[PDB]
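So that you can tell them apart, the chains are marked A, B, C, D, E, F and G in the order they are listed, and the count of residues begins at 1 in each.
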């Protein structure tokens, strides 16, 4: 009675992994690597489509990670290689009479630097942070990179400010958006919509605290691959921003010397005025409310009448023990141990000391170091704290700051999107018979 | 609950024309094929015309193929049949009926299901 | 409704939006490779349609009967009470059988056409 | 005349050279990208022809009437006294309307064909 | 027999395996270039088939008579006693003549079809 | 044996100042120039 | 015995055997290898 009828253009799809392209609208990230964006992108709501999402198996994160690293490395190719700086330094303390937390930090180091002509040498004096200089045995020091890697000096005209990147699917593929408000990163989404491109995601690089980006709409959302496995990270998405005000109060005077035929090295020459420590301010009332909400949500997974304790991070490199971020081109490493100390049992700011480093080993790699030129004057930035990365350590659970794997800073925006392949061909029984 | 009510004129002279119509209710009009069947006062039933559920395909008996036009409006839930020439042999009660065809993706009909009240046309 | 707008609709509703999605199948070494692969997939689907005797068609009827074991449902519960995603899942184990039968059917019909054109 | 040789000829003269130019549509990362794009454009035009019900055809007739407002000229002043470049300019504002009507017309005809094949 | 399995068989035996090989025509900058070129060759052959009036067909009949000088053999010694490789070699000097005639034949038929559709 | 096909009745508007063939020729010539200097000797010992 | 010409003595002759001949090769010296750093992230290996 029934015959096979073939249909092409059938609204079905299957899970797939493909290459996405970017759209955007100097800077370390750039628009010449991407296409123009659509000024009026469309979103089509699927009224009766429920799809299963899993943010922990989403291959868009791996591509975003690879693309960001590739852009980072490409932006350092037409720049100055600081091989003449792996020399013996003769250092003294810049301001030995300080009683502040910067005593011992900022050393006045002299060295014999190369110049335009190969026959001549230039005596150079510059200031270096303690964290960038290793004692070898004025005292003799070396740059920290001489032990493991070469340094490339980042181009001073290339900005490090994140530019939103829109990821777009190639023809034949579509991106599905969850659009749910209580979605925890896994399981079904009953309100799936189809989009061509994702929203603009800022490539913000940070640890422990996630700065800028999107917020939860109704409540703090606790997302984890397992929850009960303490080896996994917990990503906490806040429903309100917490403002953090960071500053580098020192009025640094930057000098520039030529180190070769067409190459120049930038360094801090002197500091005008008093020497002050870089720091960040978070208010007590907002942070206390934020933690109260986080604890309220954590008690839904570990039960009620369970004591939730926050504590500072423990061991490891500063990249994971501190809050690392780029503030106006400078790399801050904020202690945060004033933000995570408390036990929760069933205008008055918090100032976080921050250390600054000039030699950066980014993306958990060895052998490719970057030197961040100093920036003239005083630096101030204001950011929103949009989420936290926590790790779990009876009756009391202890949570500590975690981070350092940048994929977890991206598997926090690219959690509502899935890439699917369109399968337009299919068959079905009908009563339609070919004439023959 | 299905109601099919025929309207239209009665007696005309040979060579004239008439437009008959059918108001449908109690079911989704656009989901069924519709047809017209006639019965002469002293005879049995004769099929006259068939239109599919979308109005795109029409079929007629040869005796009326060049004279009758069948149409439908699925937004107004209304059928119409416009008859030209009006021969003496066309005197009959005309009935509006639901059935007689399907659309490949639905099960087969090949029968008339719901019948209307009927209307008498004379010449 | 737009691209994939009918994905949640029934099979007999979604069958009327085939052009909307067909037009969206065609519309940096890795990105160039992705574009070439998308073209290859398009051409492979067009080749399958051509082999089965369906060239410039979005809906084409064949001479392969439904074998019931593939799916023993009524038409009234497939086109009116099911989506294409559910149907695709239901018969995912039989798509390589039906296609083979379709190819064989066209091969017989094509040869038959040649023989009908050799009668003076 | 060769490729584009009829470009200056009238529409009714240039309509006889369609194969000459059709054969010239197919016949270093930037150059490879240019080749891929040329293929994509070819396939998009073939897809549009397929959607309208015109598969292996260079000249195909449709069921969309001319609406006059698009162009109210006589046939004797279009095919005999005009070139294709002038015509293309004259109706450049209507090409996205006509194509839409063509797609809708085929969608109705294709469904009608299916229904005519379901009558025993 | 599989891909090219019929290569050593007679023309009238190998003519029944056209789908087996047709399906194998579609199924690192140099490798990407090779893939693009393979696509271009596929599309050029499909374009030639389309121009001749053979769209979704593997076997299509035409209106060009055989001119004998191309090959004056009997059908009984071509389809039953020859392979496609031998035939291809035998007429390799005439393939650019036959194709031209095929294009002209379709051009006449296509125009004739248009004229037959203009009679009320 | 390249071909040229005269268009007997075609008149087209040209503008040599907006012709994008020049920008491509410029880029291609510079790229060839730079590529031809890659497998060559870097005279850094001469800045003395 | 495979050759482009056989009679042209300027060509090589490739002889394909139908049985393997086993060859046992050794470097009997117990070399002690040392490694020194020659730059910022580079090291040179040598026999000590």
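Note that contacts are C-beta pairs under 8 Å (C-beta built on N, C-alpha and C of every residue); 3 or more make two chains touch, one makes a residue touch a chain.
Undergrad: Which chains lie in contact with each of subunit C and subunit F?
TA: Output, common partners of subunit C and subunit F: A, D.
Undergrad: Contact counts by the stated rule: is the higher one at A-B or D-F?
TA: D-F
Undergrad: Cα centroid separation between subunit A and subunit D, in whole Å?
TA: 52
Undergrad: If you average the Cα atoms of subunit C and of subunit D to get two centres, how far apart are those centres in Å?
TA: Averaging C-alpha atoms per chain gives centres 26 Å apart.
Undergrad: Quick one: report the Å distance separating subunit B from subunit G, using the average Cα coordinate of each chain.
TA: Roughly 95 Å separates the two chain centres.
Undergrad: Can you tell me which residues of subunit E touch two or more of the remaining chains?
TA: In subunit E, the residues touching two or more other chains are 29, 32, 36, 39, 43, 55-56.
Undergrad: Please set out, as single numbers or ranges, the residues of subunit B touching at least two other chains.
TA: Subunit B, residues with two or more chain partners: 102, 104-105, 108.
Undergrad: Go ahead and list every pair of chains that touch.
TA: Chains touch in the following pairs: A-B, A-C, A-D, A-F, A-G, B-C, B-D, C-D, C-E, D-E, D-F.
Undergrad: For subunit C, which residues are in contact with subunit E within the complex?
TA: Residues 29, 32-33, 36, 39-40, 43-44, 47, 49-51, 53-56, 103, 107, 110-111, 114, 117.
Undergrad: What residues on subunit C touch subunit A, complex-wise?
TA: It comes out as residues 1-9, 11, 14-15, 17-22, 24-28, 30-31, 33-35, 37-38, 41-42, 45, 48-49, 52-54, 57-66, 71, 75, 78-79, 83-85, 87-88, 91, 95, 98, 101-102, 109.
Undergrad: Show which residues of subunit D lie in contact with subunit E when the two form their complex.
TA: My answer: residues 16, 18-19, 22-23, 25-29, 32, 35-36, 39, 42-43, 55-59, 61.
Undergrad: Which part of subunit A faces subunit G closely enough to touch in the complex?
TA: 83, 86, 145-151, 367
Undergrad: For subunit B, which residues are in contact with subunit A within the complex?
TA: Contacts found on subunit B: 102, 104-105, 108.
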